[PDB]
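See structure below.
Protein chains in written order, with the deposited numbering: chain E, 1 to 199, 222 to 295, 310 to 331; chain B, 1 to 125.
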């Protein structure tokens with residue numbers, strides 16, 4: 001028998017549904033709030049570490065954090081606001097202190113993590129509103145190795161961002177530099193990545231909520247990967263088997279095998295017999325979903 | 001003899017390239033561009049680095065107020081040299097893996113059009 005201890009750290013703002021991001025390996029968690037808009041960064045157990053307000057340089061207007069993403073390896077967060085700006089939240093690394101291995105307890109590690117996150121920095125990427133054309137940053141997504149970033153605005157623009165990890169006197173800082181300016185049909189709902197080898223390549227998929235699932239690679243061209251007769255609801259991707267699943271709003275699912283040029287071939291087509313439909317990977321090769329029903 | 005494209009690297013801001021020079025001894029490629037863009041990337045010339053796509057280092061240097069016009073290399077001592085439209089010449093020497101300036105000069109007379117090393121890498125014209 002088990003019980004869930006509950007921590008409910010209140011915030012002055014209003015929580016967002018899909019704006020909660022969790023690091024895969026490091027025990028970190030961040031989520032957005034609006035009116036007053038900010039971001040709350042907390043550890044896995046629920047204790048609040050830090051809160052970050054409006055991006056620097058704001059002229060008295062509080063900006064809503066519209067997208068959040070965690071770096072897959074670094075303890076680094078990227079936040080796309082609603083006024084076109086883009087910010088990077090980075091705390092000094094604990095291992096940079098080169099102290100002893102006496103951190104055998106969770107409380108001491110939490111304390112040193114908190115004191116490291118207290119002196120964290122929110123850096124602004126230059127000209128982000130220029131690349132997003134003064135549009136709210138709808139979505140963002142890091143690469144598998146965390147070297148490339150993809151950002152999608154509400155003005156139907158997709159921008160590629162390069163991450164530069166430069167060393168300094170006391171810590172390691174990060175700079176995000178824009179590279180491309182790609183036009184999309186609609187603002188992109190979800191950005192997914194495809195790895196070259198199952199376990222540094224450019225292979226991303228953009229779903230804008232319409233009838234387009236546009237692939238993108240190093241060719242700097244938004245060539246579609248798979249387009250179906252209906253508006254897409256969501257895409258679910260398996261990186262190891264390179265298996266794509268496209269689900270539509272009319273309870274239709276299709277299974278594609280992604281090739282090297284990001285092209286899918288249908289092999290499993292199925293139909294399912310207000311809450312939007314959700315679909316996640318239950319197991320490798322096994323997909324679980326529910327349509328807001330009891331089953 | 002065959003040729004085929006096998007990679008592409010975009011400059012930040014989309015700054016147009018005006019000069020490029022690739023080292024032989026270690027592999028430090030160098031690129032330049034307008035608004036004083038100067039970059040030094042490291043590529044592994046071995047076949048293992050070609051299969052694995054080895055780009056270990058990427059450092060954006062600075063010290064030029066305008067377009068980096070000429071980039072040259074010295075392979076006996078791995079010493080880089082760059083120029084500017086404004087009429088300045090900067091030499092760069094590797095300290096512990098990164099790149100730093102060693103000398104900056106400005107003749108304020110004309111625009112440098114070339115410079116090169118001998119096979120021994122002992123004299124620059």
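Beta carbons are placed, not taken as given, at the ideal position from N, Cα and C, and that holds for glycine.
Cross-strand partners of residue i (DSSP beta bridge)
{"i": "residue 122/E", "result": "89/E"}
{"i": "residue 260/E", "result": "265/E"}
{"i": "residue 22/B", "result": "29/B"}
{"i": "residue 20/E", "result": "31/E"}
{"i": "residue 320/E", "result": "Residue 320/E is not bridged to any residue."}
{"i": "residue 162/E", "result": "148/E and 177/E"}
{"i": "residue 288/E", "result": "278/E"}
{"i": "residue 190/E", "result": "229/E"}
Per-residue contacts from residue i into chain E (C-beta, under 7 Å)
{"i": "residue 53/B", "result": "222"}
{"i": "residue 8/B", "result": "240"}
Heavy atom of the ligand MN within 7 Å of residue i beta-carbon
{"i": "residue 232/E", "result": "The model depicted lacks the ligand MN and carries no ligand whatsoever."}
Contact set between residue i and chain B, taken where Cβ atoms lie within less than 7 Å
{"i": "residue 162/E", "result": "12"}
Distance between residue j and residue i (C-alpha atoms, nearest Å)
{"i": "residue 138/E", "j": "residue 280/E", "result": "26 Å"}
{"i": "residue 269/E", "j": "residue 276/E", "result": "7 Å"}
{"i": "residue 84/E", "j": "residue 63/E", "result": "9 Å"}
{"i": "residue 75/B", "j": "residue 94/B", "result": "12 Å"}
{"i": "residue 104/B", "j": "residue 33/B", "result": "18 Å"}
{"i": "residue 194/E", "j": "residue 102/B", "result": "44 Å"}
{"i": "residue 112/E", "j": "residue 143/E", "result": "29 Å"}
{"i": "residue 104/E", "j": "residue 95/E", "result": "14 Å"}
{"i": "residue 60/B", "j": "residue 166/E", "result": "10 Å"}
{"i": "residue 60/E", "j": "residue 54/E", "result": "9 Å"}
{"i": "residue 71/E", "j": "residue 31/E", "result": "15 Å"}
{"i": "residue 6/B", "j": "residue 109/B", "result": "42 Å"}
{"i": "residue 37/B", "j": "residue 27/E", "result": "39 Å"}
{"i": "residue 243/E", "j": "residue 31/B", "result": "24 Å"}
{"i": "residue 124/B", "j": "residue 22/B", "result": "17 Å"}
{"i": "residue 99/B", "j": "residue 115/E", "result": "34 Å"}
{"i": "residue 97/B", "j": "residue 24/E", "result": "32 Å"}
{"i": "residue 192/E", "j": "residue 120/B", "result": "52 Å"}
{"i": "residue 163/E", "j": "residue 235/E", "result": "26 Å"}
{"i": "residue 43/E", "j": "residue 29/E", "result": "6 Å"}
{"i": "residue 294/E", "j": "residue 3/E", "result": "34 Å"}
{"i": "residue 45/E", "j": "residue 10/E", "result": "15 Å"}
{"i": "residue 266/E", "j": "residue 168/E", "result": "41 Å"}
{"i": "residue 28/B", "j": "residue 93/E", "result": "29 Å"}
Contacts around residue i, its chain only, beta-carbon distance under 6 Å, and the 5 residues preceding and following it disregarded
{"i": "residue 222/E", "result": "145"}
{"i": "residue 328/E", "result": "311"}
{"i": "residue 56/B", "result": "42"}
{"i": "residue 126/B", "result": "No information on residue 126/B is available, as it lies outside the stretch 1 to 125 that chain B covers here."}
{"i": "residue 125/E", "result": "86 and 176"}
Where residue i meets chain B, residues with beta-carbon distance less than 9 Å
{"i": "residue 178/E", "result": "12, 13 and 14"}
Cβ neighbours of residue i in the same chain (closer than 7 Å, five flanking residues each side left out)
{"i": "residue 315/E", "result": "256, 258, 269, 323 and 325"}
{"i": "residue 128/E", "result": "84, 85 and 86"}
{"i": "residue 13/E", "result": "33, 34, 35, 36, 37 and 38"}
{"i": "residue 122/B", "result": "none"}
{"i": "residue 287/E", "result": "278 and 279"}
Beta-carbon proximity list for residue i, same chain, < 8 Å, skipping 5 on both sides
{"i": "residue 112/B", "result": "69, 70, 83, 87 and 89"}
Chain C contact for residue i (CB, 8 Å cutoff)
{"i": "residue 64/B", "result": "As a matter of chain content, chain C is missing from the structure shown, whose protein chains are E and B."}
Inset, instruction - Flag this pair as touching only if the segment 29-40 of chain E and the segment 134-149 of chain E have three or more C-beta atom pairs under 8 Å; answer yes or no. - result: With a cut-off of 8 Å, the segment 134-149 of chain E and the segment 29-40 of chain E do not count as touching, because too few Cβ pairs lie within range.
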